[PDB]
$ cat model.cif   # mmCIF, N, CA and C atoms
data_protein
#
loop_
_atom_site.label_atom_id
_atom_site.label_comp_id
_atom_site.auth_asym_id
_atom_site.auth_seq_id
_atom_site.Cartn_x
_atom_site.Cartn_y
_atom_site.Cartn_z
N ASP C 1 101.00 98.41 126.58
CA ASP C 1 101.25 99.41 125.51
C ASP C 1 100.31 99.20 124.32
N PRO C 2 99.18 99.94 124.29
CA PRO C 2 98.19 99.83 123.20
C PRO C 2 98.81 100.00 121.82
N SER C 3 98.56 99.02 120.95
CA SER C 3 99.09 99.03 119.58
C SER C 3 98.45 97.92 118.74
N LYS C 4 98.48 96.70 119.28
CA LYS C 4 97.92 95.52 118.62
C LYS C 4 98.81 95.06 117.46
N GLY C 5 98.83 93.74 117.23
CA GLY C 5 99.62 93.18 116.16
C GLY C 5 99.47 91.68 116.04
N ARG C 6 98.23 91.19 116.15
CA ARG C 6 97.95 89.76 116.04
C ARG C 6 97.57 89.41 114.61
N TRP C 7 98.58 89.35 113.74
CA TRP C 7 98.37 89.03 112.33
C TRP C 7 99.05 87.71 111.97
N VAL C 8 98.35 86.89 111.18
CA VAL C 8 98.87 85.59 110.76
C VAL C 8 99.11 85.55 109.25
N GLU C 9 100.21 84.91 108.83
CA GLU C 9 100.54 84.81 107.41
C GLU C 9 100.01 83.50 106.82
N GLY C 10 99.34 83.60 105.67
CA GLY C 10 98.79 82.43 105.02
C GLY C 10 99.06 82.40 103.53
N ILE C 11 99.20 81.20 102.97
CA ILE C 11 99.45 81.03 101.54
C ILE C 11 98.15 80.87 100.76
N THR C 12 98.10 81.45 99.56
CA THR C 12 96.91 81.38 98.71
C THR C 12 97.26 80.81 97.34
N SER C 13 96.23 80.34 96.62
CA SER C 13 96.41 79.76 95.28
C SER C 13 97.31 80.63 94.41
N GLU C 14 98.04 79.97 93.49
CA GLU C 14 98.96 80.65 92.58
C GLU C 14 100.30 80.95 93.26
N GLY C 15 100.25 81.65 94.39
CA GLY C 15 101.47 81.99 95.11
C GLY C 15 101.43 83.38 95.71
N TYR C 16 100.40 83.64 96.52
CA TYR C 16 100.24 84.94 97.16
C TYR C 16 100.24 84.80 98.68
N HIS C 17 100.52 85.90 99.37
CA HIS C 17 100.55 85.90 100.83
C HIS C 17 99.46 86.80 101.41
N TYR C 18 98.53 86.19 102.14
CA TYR C 18 97.43 86.93 102.76
C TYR C 18 97.58 86.96 104.28
N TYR C 19 97.04 88.01 104.90
CA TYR C 19 97.12 88.15 106.36
C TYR C 19 95.73 88.32 106.96
N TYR C 20 95.56 87.84 108.19
CA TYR C 20 94.27 87.93 108.87
C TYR C 20 94.43 88.40 110.32
N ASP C 21 93.45 89.17 110.79
CA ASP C 21 93.46 89.68 112.16
C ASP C 21 92.38 89.00 113.00
N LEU C 22 92.80 88.38 114.10
CA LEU C 22 91.87 87.69 114.99
C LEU C 22 91.21 88.66 115.98
N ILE C 23 91.88 89.79 116.25
CA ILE C 23 91.34 90.79 117.18
C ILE C 23 90.01 91.33 116.68
N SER C 24 90.03 91.93 115.48
CA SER C 24 88.82 92.50 114.89
C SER C 24 88.04 91.44 114.10
N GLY C 25 88.77 90.51 113.47
CA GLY C 25 88.13 89.46 112.70
C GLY C 25 87.91 89.86 111.25
N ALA C 26 89.00 90.24 110.57
CA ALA C 26 88.92 90.66 109.17
C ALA C 26 90.13 90.18 108.38
N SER C 27 89.89 89.77 107.13
CA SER C 27 90.97 89.30 106.26
C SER C 27 91.60 90.48 105.51
N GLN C 28 92.93 90.53 105.54
CA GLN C 28 93.68 91.61 104.88
C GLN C 28 94.70 91.05 103.90
N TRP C 29 95.27 91.93 103.08
CA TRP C 29 96.27 91.53 102.09
C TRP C 29 97.54 92.38 102.21
N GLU C 30 97.36 93.70 102.32
CA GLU C 30 98.48 94.62 102.45
C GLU C 30 99.14 94.47 103.83
N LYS C 31 100.45 94.25 103.84
CA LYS C 31 101.19 94.08 105.09
C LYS C 31 101.23 95.39 105.89
N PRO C 32 100.73 95.38 107.14
CA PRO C 32 100.70 96.57 108.00
C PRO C 32 102.08 96.94 108.54
N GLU C 33 102.14 98.03 109.31
CA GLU C 33 103.39 98.49 109.89
C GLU C 33 103.69 97.76 111.21
N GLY C 34 104.13 96.51 111.09
CA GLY C 34 104.43 95.72 112.27
C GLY C 34 104.24 94.23 112.03
N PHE C 35 104.80 93.72 110.93
CA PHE C 35 104.69 92.31 110.60
C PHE C 35 106.08 91.69 110.40
N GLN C 36 106.12 90.36 110.27
CA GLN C 36 107.38 89.63 110.09
C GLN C 36 108.22 89.65 111.38
N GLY C 37 107.53 89.62 112.53
CA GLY C 37 108.22 89.64 113.81
C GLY C 37 108.89 90.97 114.09
N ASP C 38 110.11 90.91 114.65
CA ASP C 38 110.86 92.13 114.97
C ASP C 38 111.51 92.71 113.72
N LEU C 39 112.20 93.84 113.88
CA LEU C 39 112.87 94.50 112.76
C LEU C 39 114.16 95.19 113.22
N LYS C 40 115.30 94.51 113.04
CA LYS C 40 116.61 95.04 113.43
C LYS C 40 116.69 95.23 114.94
N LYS C 41 117.89 95.55 115.44
CA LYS C 41 118.11 95.77 116.87
C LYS C 41 117.83 94.50 117.67
N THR C 42 118.89 93.78 118.04
CA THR C 42 118.77 92.54 118.80
C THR C 42 118.01 91.48 117.99
N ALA C 43 118.04 91.61 116.67
CA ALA C 43 117.36 90.67 115.77
C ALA C 43 118.27 90.25 114.62
N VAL C 44 117.78 89.35 113.77
CA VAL C 44 118.56 88.86 112.63
C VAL C 44 117.80 89.07 111.32
N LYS C 45 118.02 90.22 110.68
CA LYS C 45 117.36 90.55 109.42
C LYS C 45 118.32 91.27 108.47
N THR C 46 118.58 90.65 107.32
CA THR C 46 119.49 91.23 106.32
C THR C 46 118.85 92.43 105.61
N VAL C 47 119.61 93.07 104.73
CA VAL C 47 119.11 94.23 103.99
C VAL C 47 118.20 93.80 102.84
N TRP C 48 118.46 92.62 102.29
CA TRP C 48 117.66 92.09 101.19
C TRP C 48 116.50 91.26 101.71
N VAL C 49 115.35 91.35 101.04
CA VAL C 49 114.16 90.59 101.43
C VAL C 49 113.91 89.44 100.46
N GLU C 50 113.56 88.27 101.01
CA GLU C 50 113.29 87.10 100.18
C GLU C 50 111.81 87.01 99.81
N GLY C 51 111.54 86.99 98.50
CA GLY C 51 110.18 86.91 98.01
C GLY C 51 109.93 85.67 97.16
N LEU C 52 108.66 85.29 97.00
CA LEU C 52 108.30 84.12 96.20
C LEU C 52 107.52 84.55 94.95
N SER C 53 107.94 84.02 93.80
CA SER C 53 107.29 84.34 92.53
C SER C 53 107.24 83.10 91.64
N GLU C 54 106.24 83.05 90.76
CA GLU C 54 106.07 81.92 89.85
C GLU C 54 105.73 80.64 90.62
N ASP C 55 106.00 79.48 90.01
CA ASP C 55 105.72 78.19 90.65
C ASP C 55 106.43 78.05 92.00
N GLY C 56 107.54 78.77 92.17
CA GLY C 56 108.29 78.71 93.41
C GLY C 56 109.69 79.27 93.27
N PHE C 57 109.80 80.43 92.63
CA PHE C 57 111.09 81.08 92.42
C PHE C 57 111.34 82.11 93.51
N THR C 58 112.57 82.15 94.02
CA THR C 58 112.93 83.10 95.07
C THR C 58 113.58 84.35 94.50
N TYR C 59 112.95 85.50 94.75
CA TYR C 59 113.46 86.79 94.28
C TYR C 59 113.89 87.66 95.47
N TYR C 60 114.93 88.47 95.28
CA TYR C 60 115.43 89.33 96.35
C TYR C 60 115.35 90.80 95.94
N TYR C 61 115.01 91.66 96.90
CA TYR C 61 114.88 93.09 96.64
C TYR C 61 115.64 93.91 97.69
N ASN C 62 116.13 95.08 97.27
CA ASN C 62 116.88 95.96 98.17
C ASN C 62 116.12 97.26 98.44
N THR C 63 115.96 97.60 99.72
CA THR C 63 115.25 98.82 100.11
C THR C 63 116.16 100.05 100.02
N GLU C 64 117.48 99.83 100.03
CA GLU C 64 118.44 100.93 99.95
C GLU C 64 118.23 101.76 98.69
N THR C 65 118.42 101.13 97.52
CA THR C 65 118.25 101.82 96.24
C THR C 65 116.89 101.51 95.62
N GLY C 66 116.47 100.25 95.70
CA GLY C 66 115.19 99.85 95.14
C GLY C 66 115.33 99.12 93.82
N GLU C 67 116.02 97.98 93.85
CA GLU C 67 116.22 97.18 92.65
C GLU C 67 116.04 95.69 92.94
N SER C 68 115.18 95.04 92.15
CA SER C 68 114.91 93.61 92.32
C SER C 68 116.03 92.77 91.73
N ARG C 69 116.25 91.59 92.31
CA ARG C 69 117.30 90.68 91.85
C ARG C 69 116.77 89.25 91.71
N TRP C 70 117.45 88.45 90.90
CA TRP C 70 117.05 87.06 90.68
C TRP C 70 118.22 86.10 90.95
N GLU C 71 119.12 86.50 91.85
CA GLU C 71 120.28 85.70 92.21
C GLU C 71 120.71 85.98 93.64
N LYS C 72 121.26 84.97 94.32
CA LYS C 72 121.72 85.12 95.70
C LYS C 72 123.02 85.93 95.75
N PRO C 73 122.99 87.13 96.36
CA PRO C 73 124.18 88.00 96.47
C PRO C 73 125.24 87.43 97.40
N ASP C 74 126.51 87.70 97.09
CA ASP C 74 127.63 87.22 97.90
C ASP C 74 128.14 88.30 98.86
N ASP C 75 128.86 87.87 99.90
CA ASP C 75 129.41 88.80 100.89
C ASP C 75 130.68 88.23 101.53
#
$ encode --input "model.cif" --output "structure tokens"
Amino acid sequence: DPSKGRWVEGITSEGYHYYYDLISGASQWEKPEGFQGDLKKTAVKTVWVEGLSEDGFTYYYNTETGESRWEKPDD
């Protein structure tokens, strides 16, 4: 099934996430439509996404409404 998706995640100075493609051989930054493994359906992925900011602070964001958070939500 032609599509391709050989992207690797790498850490950069300060605290950024860069991606690279071995197929074509080019360094990228913007996450394409098919990264972070699978996405729902027979998988384990919550609604909130874990992000890294500052020296090493964990921030969470919601795709439902679109609001960033700075605390671990309860359930």
$ atom_distance --input "model.cif" --atom1 "atom CA of residue C:37" --atom2 "atom N of residue C:72"
23.9 Å
$ atom_distance --input "model.cif" --atom1 "atom N of residue C:36" --atom2 "atom N of residue C:71"
22.9 Å
$ select_by_dssp --input "model.cif" --residues "stretch 9-64 of chain C" --states "strand (DSSP E)" --output "list in words"
residues 9, 10, 11, 12, 16, 17, 18, 19, 20, 21, 26, 27, 28, 48, 49, 50, 51, 52, 53, 57, 58, 59, 60, 61 and 62 of chain C
$ resolve_selection --input "model.cif" --expression "the PyMOL selection byres ((chain C and resi 8) around 6)" --output "count of residues only"
8
$ atom_distance --input "model.cif" --atom1 "atom N of residue C:30" --atom2 "atom C of residue C:73"
29.0 Å
$ residues_around --input "model.cif" --residues "residue C:5" --least-positions-apart "3" --cutoff "10 Å" --atoms "only C-alpha atoms" --output "PyMOL selection string"
chain C and resi 2+8+21-23+32-35+37
$ resolve_selection --input "model.cif" --expression "the PyMOL selection byres ((chain C and resi 60-68) around 7)" --output "short mmCIF file (atom, residue, chain, number, x, y, z; two decimals) with N, CA and C atoms, in the coordinates of the input"
data_model
loop_
_atom_site.label_atom_id
_atom_site.label_comp_id
_atom_site.auth_asym_id
_atom_site.auth_seq_id
_atom_site.Cartn_x
_atom_site.Cartn_y
_atom_site.Cartn_z
N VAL C 47 119.61 93.07 104.73
CA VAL C 47 119.11 94.23 103.99
C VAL C 47 118.20 93.80 102.84
N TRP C 48 118.46 92.62 102.29
CA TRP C 48 117.66 92.09 101.19
C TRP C 48 116.50 91.26 101.71
N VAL C 49 115.35 91.35 101.04
CA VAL C 49 114.16 90.59 101.43
C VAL C 49 113.91 89.44 100.46
N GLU C 50 113.56 88.27 101.01
CA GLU C 50 113.29 87.10 100.18
C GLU C 50 111.81 87.01 99.81
N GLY C 51 111.54 86.99 98.50
CA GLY C 51 110.18 86.91 98.01
C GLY C 51 109.93 85.67 97.16
N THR C 58 112.57 82.15 94.02
CA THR C 58 112.93 83.10 95.07
C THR C 58 113.58 84.35 94.50
N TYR C 59 112.95 85.50 94.75
CA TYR C 59 113.46 86.79 94.28
C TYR C 59 113.89 87.66 95.47
N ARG C 69 116.25 91.59 92.31
CA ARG C 69 117.30 90.68 91.85
C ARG C 69 116.77 89.25 91.71
N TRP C 70 117.45 88.45 90.90
CA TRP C 70 117.05 87.06 90.68
C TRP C 70 118.22 86.10 90.95
N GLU C 71 119.12 86.50 91.85
CA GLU C 71 120.28 85.70 92.21
C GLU C 71 120.71 85.98 93.64
#
$ axis_aligned_box --input "model.cif" --around "stretch 25-40 of chain C" --padding-each-side "4 Å" --output "JSON"
{"center_x": 102.3, "center_y": 93.9, "center_z": 108.5, "size_x": 36.8, "size_y": 17.2, "size_z": 20.9}
$ decode --input "model.cif" --residues "stretch 13-75 of chain C" --atoms "C-alpha atoms" --output "short mmCIF file (atom, residue, chain, number, x, y, z; two decimals), in the first residue's frame"
data_model
loop_
_atom_site.label_atom_id
_atom_site.label_comp_id
_atom_site.auth_asym_id
_atom_site.auth_seq_id
_atom_site.Cartn_x
_atom_site.Cartn_y
_atom_site.Cartn_z
CA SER C 13 19.03 22.31 21.54
CA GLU C 14 16.76 24.37 23.82
CA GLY C 15 13.92 21.83 23.61
CA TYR C 16 12.55 21.27 20.11
CA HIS C 17 11.46 18.16 18.19
CA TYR C 18 12.79 17.59 14.67
CA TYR C 19 11.94 14.81 12.21
CA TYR C 20 13.95 13.22 9.39
CA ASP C 21 13.09 11.03 6.39
CA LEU C 22 15.47 8.23 5.37
CA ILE C 23 13.51 7.41 2.20
CA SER C 24 14.15 10.72 0.42
CA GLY C 25 16.92 11.90 2.75
CA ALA C 26 15.70 15.27 4.01
CA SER C 27 15.40 16.92 7.43
CA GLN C 28 11.93 18.19 8.40
CA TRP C 29 10.33 20.01 11.35
CA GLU C 30 6.56 20.09 10.76
CA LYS C 31 4.93 16.79 11.80
CA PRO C 32 3.33 15.10 8.72
CA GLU C 33 -0.02 13.29 8.54
CA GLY C 34 1.13 9.95 9.95
CA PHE C 35 3.48 10.29 12.92
CA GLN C 36 3.56 9.15 16.57
CA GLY C 37 2.77 5.56 15.58
CA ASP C 38 -0.90 4.61 15.31
CA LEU C 39 -3.89 6.85 16.12
CA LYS C 40 -6.91 5.42 18.00
CA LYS C 41 -8.66 2.13 17.11
CA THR C 42 -6.90 -0.85 18.73
CA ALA C 43 -4.42 1.66 20.21
CA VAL C 44 -3.80 3.60 23.44
CA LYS C 45 -4.00 7.38 22.95
CA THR C 46 -5.81 9.84 25.24
CA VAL C 47 -7.58 13.03 24.12
CA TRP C 48 -4.89 15.27 25.65
CA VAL C 49 -1.40 15.50 24.13
CA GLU C 50 1.78 15.73 26.23
CA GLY C 51 4.19 18.47 25.18
CA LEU C 52 7.59 19.71 26.39
CA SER C 53 8.33 23.37 27.13
CA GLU C 54 11.05 25.35 28.93
CA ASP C 55 13.92 23.50 30.66
CA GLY C 56 11.62 20.47 30.89
CA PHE C 57 8.03 21.39 31.72
CA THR C 58 5.17 19.15 30.59
CA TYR C 59 2.19 20.93 29.00
CA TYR C 60 -1.11 19.36 27.88
CA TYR C 61 -3.44 20.46 25.07
CA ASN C 62 -6.97 19.47 24.00
CA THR C 63 -7.98 19.08 20.34
CA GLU C 64 -11.71 19.06 21.23
CA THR C 65 -12.03 22.76 22.11
CA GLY C 66 -8.42 23.94 21.75
CA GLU C 67 -7.09 25.05 25.13
CA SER C 68 -3.61 24.54 26.58
CA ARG C 69 -3.14 23.37 30.18
CA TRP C 70 -0.31 23.32 32.74
CA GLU C 71 -1.66 20.63 35.09
CA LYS C 72 -2.43 16.89 34.94
CA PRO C 73 -6.24 16.47 34.49
CA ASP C 74 -8.15 13.99 36.67
CA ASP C 75 -10.68 11.32 35.63
#
